[PDB]
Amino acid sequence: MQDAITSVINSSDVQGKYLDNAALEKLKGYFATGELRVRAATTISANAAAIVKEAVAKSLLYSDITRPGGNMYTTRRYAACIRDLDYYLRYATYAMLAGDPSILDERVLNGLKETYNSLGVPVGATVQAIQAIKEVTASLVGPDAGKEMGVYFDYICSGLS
């Protein structure tokens, strides 16, 4: 994976260049936000089970998806689905700390669509649950942190298409 710092270094290194004014400005941009990323990560980590619970209650429960025949029916599938939502929240939080989505390509999305397609896991309902996680997270971390987390939630959703 890369973070916002290693991304700038990699871009300079492939050119054989010392960090120029544009590179140093990009690094300053990341350093200026670092404590705000740590604050958002602390809040999410402390509330991670509660964020998933509220998102599930707003987007999936009391529907055909949890009723007999639905993809979230059976305790095994209920548990797999909320485990997946715990993964999306934890990896989106990593990506937000890094200020870079590369961890999502490497550790979340690689073969995920093909796995969902082989098992019959519904992508549309998964994207609705991720959208609920995005909105519940935003309610706790504030609009700025919520929009930044939303970039990474949207990146996961797009990777399922």
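So that there is no doubt, residue numbering starts at 1 and follows the sequence shown.
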TODO: Higher average CA B factor in the deposited record is what I'm after, so tell me if that's 147-155 or 18-26.
DONE: 18-26
Task: Greater mean Cα temperature factor according to the PDB record, 116-124 or 34-42 - done: 34-42
Task: Which of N110, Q131, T66, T93 ranks first by CA B-factor in the deposited coordinates - done: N110
Task: Chain thirds of CA B-factor: placement of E54 - done: lowest
